[PDB]
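Peer 1: Here come the first chain(s), positioned as in the complex:
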Amino acid sequence: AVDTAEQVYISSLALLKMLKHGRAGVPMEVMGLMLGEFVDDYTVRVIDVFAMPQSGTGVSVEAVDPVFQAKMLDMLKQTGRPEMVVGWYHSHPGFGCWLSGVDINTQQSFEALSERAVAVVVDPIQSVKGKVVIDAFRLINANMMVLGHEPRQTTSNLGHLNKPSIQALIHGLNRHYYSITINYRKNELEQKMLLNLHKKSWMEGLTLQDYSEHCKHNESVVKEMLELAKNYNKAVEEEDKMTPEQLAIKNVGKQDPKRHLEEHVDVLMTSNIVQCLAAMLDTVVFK
Amino acid sequence: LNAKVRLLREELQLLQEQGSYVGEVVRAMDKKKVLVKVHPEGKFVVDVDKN
Amino acid sequence: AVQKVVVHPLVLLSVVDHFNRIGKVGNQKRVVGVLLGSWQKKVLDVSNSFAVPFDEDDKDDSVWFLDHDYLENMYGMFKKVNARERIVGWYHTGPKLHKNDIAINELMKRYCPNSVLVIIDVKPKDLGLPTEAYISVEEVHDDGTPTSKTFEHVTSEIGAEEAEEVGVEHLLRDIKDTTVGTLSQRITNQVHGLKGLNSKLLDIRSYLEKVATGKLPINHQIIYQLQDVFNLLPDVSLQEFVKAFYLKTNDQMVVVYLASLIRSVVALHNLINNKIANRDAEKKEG
Amino acid sequence: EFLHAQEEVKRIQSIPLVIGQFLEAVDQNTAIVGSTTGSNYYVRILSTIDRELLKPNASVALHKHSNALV
Amino acid sequence: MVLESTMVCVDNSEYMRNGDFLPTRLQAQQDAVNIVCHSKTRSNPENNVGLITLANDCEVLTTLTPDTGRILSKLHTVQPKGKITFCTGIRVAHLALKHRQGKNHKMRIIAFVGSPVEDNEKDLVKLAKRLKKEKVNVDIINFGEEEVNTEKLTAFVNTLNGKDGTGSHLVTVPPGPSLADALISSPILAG
Amino acid sequence: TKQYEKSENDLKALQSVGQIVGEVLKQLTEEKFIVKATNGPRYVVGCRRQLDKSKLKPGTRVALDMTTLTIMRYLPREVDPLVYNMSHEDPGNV
């Protein structure tokens, strides 16, 4: 009866399990289950994500095993957090994550047990890394087609969510379905260490080991690697010294390009890496 | 420069469903329409094109 | 045997969040769970894991007990959903292990031939790369004492494959990445001296402390031997290190010359094209 | 945010793609490219690398629908 | 039916290898384990019963579970050699009872002590006052040989509970030959 | 009576669509396989973990997904008229 703008609070642990369970199923679409708590109608949060076992029949409304749920919920009841399940998610690896006739068939099953049961779709493919990626859906009632279907209140998040639109298949879900916003929450402590873990991964353990191994490198074959840089500086420059003359022939910067052009920036940056890692010698080797 | 990476997104959207074709005019017509023949396809006839 | 291990941020987080599970209910001790590893080569890799309820009585301060049936059912579920995943060992959040942890490995050694235990740290503080990795082996001794089981250190590194790099790099939204060539090498250059110092300084305070308090042993045997190895290197000129001077500078010779070589070229293209595009473009407008 | 924008241009389309034959670039920012479907298409060139890998004739991999050079 | 979780403790101490019980204490107490596990089966299906070894270093062979197949599997080739350990033998059962799923199930422990113990009176009094706070009720049945007319354990059970608590009953075996199945007849009829 | 239900349960497995055939031209990376359909179009796709990457090889008949367009199952060889070239029969001998 009451329809409002919605919001999904995700946990740092949740997304990581989403994209993993989805990566192992490629190409075939998997079946996950969303775990969290319903705080009210206009907001929702997902505090946990657990993986379901695959089946040979595939994604289906019968793919959820009741005995598996009671077992897993045993393991979650004895855990510090025995929170009730909320909704379900499935991966859509090879396309633009549109809900199919199989997804709707299990939507009406979750809407009778759970009032909301937010539908979530996650795919690793459509995003290299830094995208927020994922997706989220909600089933609107089809029997309401006689009354007003056009909420919400606080239309801000509605406007940013429906955008960009973004092709056609995405718009084909505006009817019978509506999306729901997603926003991260911190949890900034563990996030701080989670940054330093990957960053320190590139760093050494003792930190004096691989830098001194790059000092063993600092004269290898580095005089030979500097001969590699010397050949790039002869070969690229004697053909980039004809370019100031050719600029007088074409008059002046019309297309072009050749190329054979620039590329000395990378040569200077690699030579600068060489001279700095070499400058570490006098610091390290000495005391 | 931040606007160019956004421009690639919108431009991608216009070229995504159909991109753009390559036509060959066999004849031009009096109604401002232009008979165009595509290599893989059959002959069309299409109009202004104000530019 | 085992050389190095790779622990993903996903499974690591899976330890931390369970620390939030038992955090609200408390109370004492530390989180203890069984690690799920993936072994593709002599190098070890970890993907996921599962927590297990564990409680240590105090009377009984060396009493430790795990759930075997729950272990069976949960590992059976993870073997069902993932055929490649298997238990490589166990893990605890420490921060420092206790003498009692020697038998914990001996229990589950029926599950895996060699079970590697991985300490972790839920609260990042010091002194650098986190967690830890230990392998259970028997080196005996030259004394002829009964065989003593002492865990040996295995170098650990944080890594990932593909999808697990996505979320990790996405959630930070903090520091520049990387950036190679400018601020990647210099910051780590200070990290080399800083993390070298504090490691050496805490441990070298330990060495002075070990002879005053902590005896026995301590010292001997392992201490004096590595002591003389530390006295193996002064380590400078005389002599040949004098001769490395001018060839290091001579390695800088061509580098400075190449520098000044392209510096004039940058100024060339920039100044020429810009001054033309400045005055010749403005003269047509006004 | 600019370094973060580089990932926005590499993000699309990641995988997968459809091969075609590069024909020629009619100008800067857009080209004509023959698809493996056997059709020449007026198509934009990706804003990152427009130049060194172009070449007069080379097999180029395109997005399924957009036929976009990558 | 009454809700509870029982934890049985089999006696593997080096004094149980003798044949004073017919035919041997190993098979005698094994048949005792069969009758108690079938008794809990006839009581309630929800009650689950694991086992714990008291001798040498205590280890849980079978975690708390409603099926007795695993229990009967571990009774065999147990290799009963070692020194009995008592003070930690109740606390281990309590340790597995803190990890239980059901909070409605009451904590109950049964143990068989067939060897003398070196536990001092102060240690046992501390555990008595501790189990009062934890409310845990332990029903012990003494087997084997010990101090004639066992005293320390008897007073341990009496001082462990009070008002009523009806309760914990310690049945001491009299020094005479008899079949084990006839010794379990009195405890199985009434606590 | 129950055998019928066995068949009907087989239909539930028939709700899975047939995959699309193709060949392996090369592979650019482990997540980039240069493939071609028997109908002519060429594609580059990644694949799942159930493959053995070395087993792939160039010039390999494979089956692709209907959306991801990637290898799930594969078969080495097929030919229609062969068994019919083998189906000739003649008496004798004698």
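Peer 2: That came through fine. Residues are numbered from 1 along each chain as shown, chains lettered A, B, ... in the order given.

Peer 1: Now residue D:31: which helix or strand?
Peer 2: strand D:30-35 (DSSP states H and E).

Peer 1: give me every residue that touches residue A:156.
Peer 2: residue A:5 (C-beta atoms under 8 Å, 6 or more residues apart in numbering or on different chains). Every C-beta, even on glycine, is put in place using the N, C-alpha and C of the backbone.

Peer 1: does it belong to a helix or a strand, and which?
Peer 2: helix A:155-162.

Peer 1: so residue B:3 sits in a helix?
Peer 2: Yes - under DSSP: H, G, I helix; E, B strand; the rest coil, residue B:3 sits within a helix.

Peer 1: by contact count, what packs against the strand holding residue D:31?
Peer 2: strand D:17-27, strand D:40-44, strand D:58-62 (3 or more C-beta pairs under 8 Å, 6 or more residues apart in numbering or on different chains; DSSP states H and E).

Peer 1: before we move on, the earlier item: next SSE after the helix holding residue A:156?
Peer 2: strand A:177-179.

Peer 1: check whether the next helix or strand after that next one contacts chain C.
Peer 2: Toward the C-terminus, strand A:177-179 is succeeded by strand A:181-184 as the next helix or strand (DSSP H and E). Yes - using C-beta under 8 Å from any C-beta of the partner chain, strand A:181-184 comes into contact with chain C via residue A:184.

Peer 1: returning to that earlier point: could you tell me which residues within the helix holding residue A:156 count as buried?
Peer 2: With burial defined by 16 or more other C-beta atoms under 10 Å in any protein chain shown, the residues of helix A:155-162 counted as buried are A:157-158.

Peer 1: Dump the C-alpha coordinates for it into CSV.
Peer 2: Extracted C-alpha coordinates of helix A:155-162, given in CSV (Å, rounded to 0.1, in the frame of the first residue of the first chain):
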residue,chain,number,x,y,z
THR,A,155,12.8,10.9,-6.2
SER,A,156,16.5,11.8,-6.0
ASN,A,157,17.9,8.3,-5.8
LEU,A,158,15.2,7.2,-8.3
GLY,A,159,16.6,9.7,-10.9
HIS,A,160,20.2,8.6,-10.4
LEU,A,161,19.2,4.9,-10.5
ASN,A,162,17.1,4.8,-13.7
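
Peer 1: So which elements touch the helix or strand encompassing residue E:72?
Peer 2: Element membership for residue E:72, per DSSP H and E: helix E:69-75. Under the contact criterion of 3+ C-beta pairs under 8 Å, 6+ apart, helix E:69-75 touches helix E:25-43, strand E:49-53.

Peer 1: Kindly recompute the last result at 7 Å.
Peer 2: When contacts are defined as 3 or more C-beta pairs under 7 Å, 6 or more residues apart in numbering or on different chains; DSSP states H and E, helix E:69-75 packs onto helix E:25-43.

Peer 1: while you're at it, add chain G from this line:
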Amino acid sequence: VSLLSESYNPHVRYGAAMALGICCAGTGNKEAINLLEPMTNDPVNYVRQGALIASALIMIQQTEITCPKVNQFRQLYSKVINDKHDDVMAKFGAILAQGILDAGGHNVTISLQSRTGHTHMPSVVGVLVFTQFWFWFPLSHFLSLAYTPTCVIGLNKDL
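Peer 2: Following on from the chains above, chain G is added here:
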């Protein structure tokens, strides 16, 4: 703020249109209007809305003879609301802006600075809560306190 109005994200462009809206509403500055012209042309939806309300605060009690863009804008307000292709979001602030220009039957305006030299707190408080009208729709009524009467009262004394 001219350069912040050119920012890549429309969130800062929205705040940047609002700054010129609320600060310059007591003035007839034309530079502010000039920077708010391209804002309604941005392809982002809500930033256009922001330009509507801001341009509604610069034109309070000011007729066409004040700045030449008054009618220019007044046709745009109705144009965006009668077109079905436009976003419902952008056409909300259109009729809302028509309400700003016509507030009190054109007889009243908003003034954050009395001539005495002190700021009027019901005005400021009303408008600042009115900053985000999405999050709570009844918060749009607090703008009524910002409306102040502009009149010449020649009452001599008493009644």
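
Peer 1: now that chain G has been added, could you go back to what packs on helix E:69-75?
Peer 2: helix E:25-43.

Peer 1: gap between the helix it packs on and the chain center?
Peer 2: 11 Å (C-alpha atoms, centre = their mean, to the nearest Å).

Peer 1: Next: stretch C:267-285.
Peer 2: Taking C-alpha atoms, centre = their mean, the mean C-alpha location of stretch C:267-285 is offset from the chain mean by 54 Å.

Peer 1: now swap in stretch B:10-30 and tell me
Peer 2: 2 Å.

Peer 1: And it, what's buried?
Peer 2: B:11-12, B:15-16, B:19, B:21-23.

Peer 1: hang on, the earlier thing: the helix holding residue A:156 near chain G anywhere?
Peer 2: Yes - using C-beta under 7 Å from any C-beta of the partner chain, helix A:155-162 comes into contact with chain G via A:155-156, A:159.

Peer 1: my read: residue E:65 touches residue E:51, true?
Peer 2: No - in this structure, residue E:65 is not within contact of residue E:51 by C-beta atoms under 7 Å, at 10.0 Å.

Peer 1: Compare those two and say which is more crowded by neighbours.
Peer 2: More crowded of residue E:65 and residue E:51, by other C-beta atoms under 10 Å in any protein chain shown: residue E:51, with 23 against 14.

Peer 1: any idea how far chain C is from the more buried one?
Peer 2: 12 Å (C-beta to the nearest C-beta, to the nearest Å).

Peer 1: That residue pairs with what?
Peer 2: residue E:8, residue E:62 (DSSP bridges).

Peer 1: Enumerate every residue touching it.
Peer 2: E:8, E:10, E:61-62, E:71, E:74 (C-beta atoms under 7 Å, 6 or more residues apart in numbering or on different chains).

Peer 1: returning to what we had before: centre of the chain to the helix holding residue A:156, how far?
Peer 2: Helix A:155-162 sits 21 Å away from the centroid of its parent chain (C-alpha atoms, centre = their mean).

Peer 1: now swap in stretch C:242-257 and tell me
Peer 2: When distances are taken as C-alpha atoms, centre = their mean, stretch C:242-257 is centred 35 Å away from the chain's centroid.

Peer 1: contacts for that stretch?
Peer 2: A:223, A:226, A:271, A:274-275, A:278, A:281.

Peer 1: Drop the exposed ones from those and show what's left.
Peer 2: A:226, A:271, A:274-275, A:278, A:281.

Peer 1: which of the residues you listed lies closest to residue C:61?
Peer 2: residue A:281 (51.7 Å; C-beta to C-beta).

Peer 1: right, and that closest one touches residue A:218 too?
Peer 2: Yes - if you go by C-beta under 7 Å, residue A:281 and residue A:218 touch, sitting 5.8 Å apart.

Peer 1: No further questions, thank you.
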